[PDB]
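**Q** Mind looking over this structure? Questions follow.
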Amino acid sequence: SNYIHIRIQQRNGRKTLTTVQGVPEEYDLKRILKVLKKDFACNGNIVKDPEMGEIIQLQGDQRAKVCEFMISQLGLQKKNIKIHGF
RNA sequence: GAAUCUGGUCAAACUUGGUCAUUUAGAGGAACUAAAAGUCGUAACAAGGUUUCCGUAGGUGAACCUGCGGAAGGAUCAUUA
Ligand SMILES: [Mg+2]
Ligand SMILES: [Mg+2]
Ligand SMILES: [Mg+2]
């Protein structure tokens, strides 16, 4: 019950994808994605993987930055958000 | 014929405003250049993998994309009768 986990999916070379799993569905997700895009400039998209819920995918190694953003805006704790690293 | 004195006249200056010029602190904001082992793509150069440009309008994360009209600086100097 509500534990946000951010992970890298390793792609070709140094280019990667960052998946945000278990996002709270309180604020508008598309809007959030747009904001993220505006911020650090990474091509964001929303994926619904076999009812895990709503997964935000971003380009590169936006993990720490994402966490910071969450802290600033919607995320309250630092604790229920875990950042993996693969 | 001195002080003094009535009007002028030239007129420095002074009080409060306004104005033009040049400076000058300047919370913040938006730039461009330089250095070009950061990040996201790959827009352009080959038909650059949707031919490029241009005017213009809209849209976007970012190169940009998409209308409408145009230009080869195009990948065509080419289909008689
Ligand atoms: Mg290209
Ligand atoms: Mg092209
Ligand atoms: Mg020229």
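We name chains A, B, ... following the order of the structure tokens; residues begin at 1 in each chain, and ligands are numbered from 1 as shown.
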With range 41-48 of chain B as the partner and 10 Å as the cut-off, tabulate the residues of chain A that qualify, each row holding the nearest pair of atoms and their distance in Å to one decimal, using only C-alpha atoms (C1' of nucleotides), sorted by chain and rising number, as a tab-separated table.
**A**
```
residue	atom	partner	partner_atom	distance
A:15	CA	B:41	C1'	9.8
A:41	CA	B:41	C1'	9.4
A:42	CA	B:41	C1'	8.2
A:43	CA	B:41	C1'	8.2
A:59	CA	B:41	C1'	9.0
```
**Q** Identify, on the basis of only C-alpha atoms (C1' of nucleotides), every residue whose closest approach to residue 44 in chain A does not exceed 9 Å; exclude the query and any residue fewer than 4 positions from it along the same chain; express the result as a list in words.
**A**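 Near residue 44 in chain A, the qualifying residues are residues 33, 34, 36, 37, 56, 57, 58 and 59 of chain A; 61 of chain B.
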**Q** Hey, can you spit out that residue selection with C-alpha atoms (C1' of nucleotides) as a PDB file, in the first residue's frame?
**A**
```
ATOM      1  CA  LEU A  33       5.216  14.702 -16.944  1.00  0.00           C
ATOM      2  CA  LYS A  34       5.060  17.936 -18.937  1.00  0.00           C
ATOM      3  CA  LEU A  36       9.379  17.274 -15.760  1.00  0.00           C
ATOM      4  CA  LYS A  37      10.065  17.603 -19.486  1.00  0.00           C
ATOM      5  CA  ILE A  56       6.232   7.581 -15.755  1.00  0.00           C
ATOM      6  CA  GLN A  57       9.185   6.810 -18.048  1.00  0.00           C
ATOM      7  CA  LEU A  58      11.953   9.391 -18.551  1.00  0.00           C
ATOM      8  CA  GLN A  59      15.167   9.621 -20.618  1.00  0.00           C
TER       9      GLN A  59
ATOM     10  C1'   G B  61      11.284  19.427 -24.475  1.00  0.00           C
TER      11        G B  61
END
```
**Q** Write out as a ChimeraX atom specification every residue belonging to chain B that has an atom at most 12 Å from any atom of chain A, counting only C-alpha atoms (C1' of nucleotides).
**A** /B:39-41,60-63
**Q** Which is closest to residue 64 in chain A among A:77, A:12, A:18, A:45, if we use only C-alpha atoms?
**A**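 Under the stated criterion, the closest residue is A:18.
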**Q** Using DSSP on the backbone coordinates, identify all residues within chain A classified as helix (DSSP H, G or I); present the result as an NGL selection string.
**A** :A and (29-40 or 64-72)
**Q** Among chain A, which residues does DSSP mark as strand (DSSP E) when it is run on the backbone? Keep the chain and numbering as in the structure and answer as a list in words.
**A**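 Across chain A, those assigned strand (DSSP E) are residues 4, 5, 6, 7, 8, 9, 10, 16, 17, 18, 19, 20, 21, 45, 46, 47, 55, 56, 57, 58, 59, 81, 82 and 83 of chain A.
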**Q** May I have the selected residues written with C-alpha atoms, as a PDB file, in the first residue's frame?
**A**
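Contents of the output file result.pdb:
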```pdb
ATOM      1  CA  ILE A   4       6.998   4.658  -4.728  1.00  0.00           C
ATOM      2  CA  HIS A   5      10.053   2.991  -6.313  1.00  0.00           C
ATOM      3  CA  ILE A   6      12.187   4.727  -8.974  1.00  0.00           C
ATOM      4  CA  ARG A   7      14.420   2.470 -11.114  1.00  0.00           C
ATOM      5  CA  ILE A   8      16.831   2.554 -14.088  1.00  0.00           C
ATOM      6  CA  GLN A   9      16.136   0.290 -17.037  1.00  0.00           C
ATOM      7  CA  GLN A  10      19.552   0.021 -18.738  1.00  0.00           C
ATOM      8  CA  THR A  16      19.046   4.876 -20.347  1.00  0.00           C
ATOM      9  CA  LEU A  17      15.393   4.966 -19.195  1.00  0.00           C
ATOM     10  CA  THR A  18      14.150   5.895 -15.703  1.00  0.00           C
ATOM     11  CA  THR A  19      10.873   4.312 -14.562  1.00  0.00           C
ATOM     12  CA  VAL A  20       8.823   5.745 -11.680  1.00  0.00           C
ATOM     13  CA  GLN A  21       6.708   2.898 -10.237  1.00  0.00           C
ATOM     14  CA  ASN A  45       5.781   9.147 -21.713  1.00  0.00           C
ATOM     15  CA  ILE A  46       3.156   7.331 -19.593  1.00  0.00           C
ATOM     16  CA  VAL A  47       2.969   3.493 -19.609  1.00  0.00           C
ATOM     17  CA  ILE A  55       4.323   4.412 -14.833  1.00  0.00           C
ATOM     18  CA  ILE A  56       6.232   7.581 -15.755  1.00  0.00           C
ATOM     19  CA  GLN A  57       9.185   6.810 -18.048  1.00  0.00           C
ATOM     20  CA  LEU A  58      11.953   9.391 -18.551  1.00  0.00           C
ATOM     21  CA  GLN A  59      15.167   9.621 -20.618  1.00  0.00           C
ATOM     22  CA  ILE A  81      10.135   6.872  -2.147  1.00  0.00           C
ATOM     23  CA  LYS A  82      12.979   4.408  -2.842  1.00  0.00           C
ATOM     24  CA  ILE A  83      15.524   5.005  -5.614  1.00  0.00           C
TER      25      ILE A  83
END
```
**Q** What gap, in Å, lies between CA of residue 63 in chain A and CA of residue 25 in chain A?
**A**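 Taking CA of residue 63 in chain A and CA of residue 25 in chain A, their separation equals 19.4 Å.
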**Q** State, in Å with one decimal place, the distance from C1' of residue 71 in chain B to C1' of residue 59 in chain B.
**A**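 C1' of residue 71 in chain B sits 25.3 Å away from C1' of residue 59 in chain B.
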**Q** Compile the contact shell of residue 57 in chain B as number ranges by chain: residues with an atom at most 12 Å away, counting only C-alpha atoms (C1' of nucleotides), same-chain residues fewer than 4 positions apart removed.
**A** B: 66-68
**Q** State, in Å with one decimal place, the distance from CA of residue 22 in chain A to CA of residue 79 in chain A.
**A**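 Atom-to-atom, CA of residue 22 in chain A and CA of residue 79 in chain A are spaced 13.7 Å apart.
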**Q** Need to verify the contact set: residue 73 in chain B, 12 Å, only C-alpha atoms (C1' of nucleotides), exclusion of same-chain residues closer than 5 positions in sequence. Can you return it as a PDB file with C-alpha atoms (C1' of nucleotides), in the first residue's frame?
**A**
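Wrote part25.pdb, looks like this:
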```
ATOM      1  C1'   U B  52      16.409  20.909 -48.455  1.00  0.00           C
ATOM      2  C1'   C B  53      15.481  26.183 -48.127  1.00  0.00           C
ATOM      3  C1'   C B  54      11.942  30.786 -47.725  1.00  0.00           C
TER       4        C B  54
END
```
**Q** For each of A:11, A:23, A:1, A:29, take the minimum atom-to-atom distance to residue 67 in chain A, counting only C-alpha atoms, then give the residue where this is smallest.
**A**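 Nearest to residue 67 in chain A: A:23.
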